[PDB]
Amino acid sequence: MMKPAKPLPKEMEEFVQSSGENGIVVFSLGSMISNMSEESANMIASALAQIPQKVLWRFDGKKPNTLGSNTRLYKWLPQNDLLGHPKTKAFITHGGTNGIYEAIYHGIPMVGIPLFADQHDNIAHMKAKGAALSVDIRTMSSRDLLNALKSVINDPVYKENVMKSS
């Protein structure tokens, strides 16, 4: 089924345009971040702050003290409309079936942060197709997340593989 995107809210479009040639990263839903330690959100924020891309982070916890100026926090996000925007370079998700279906539709490579059995299996399957990398925030470091992000954002083979998956 086709999953077409519609225009973004104006203020959100303006932030997305300010990424210029770098493009953006969408970290969407991330619904378990608010139930984890403050240190988890701080580790993610530190990694996200070190890429040149702008970052739209669907988030509702306390603002991380390591939040970078390139990253904005939103309690709600039009995830599908962001995945279909031409400036989107990578998708960070826990690995739910819904978001993976949209990233596949719009051809966006992924960094998975799986927590549950179905998310681990989904992300492992996309990784085996060369369309994603995975980090376990509970055991890996901020440097591990940064390395995964720079790879999926800048190496075209991940995008090319997720498009071969249609």
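Start at 1 with the first residue shown and count on from there.
For the segment pair 121-129 and 101-109, the entry gives 121-129 the higher mean B-factor, averaged over Cα atoms. Comparing the deposited coordinates for 30-38 and 44-52, the stretch with the larger average C-alpha B-factor is 30-38. Ranked by Cα temperature factor within the chain, residue 162 sits in the middle third according to the deposited record. In this PDB entry, the Cα temperature factor of residue 156 sits in the middle third of its chain's modelled residues.
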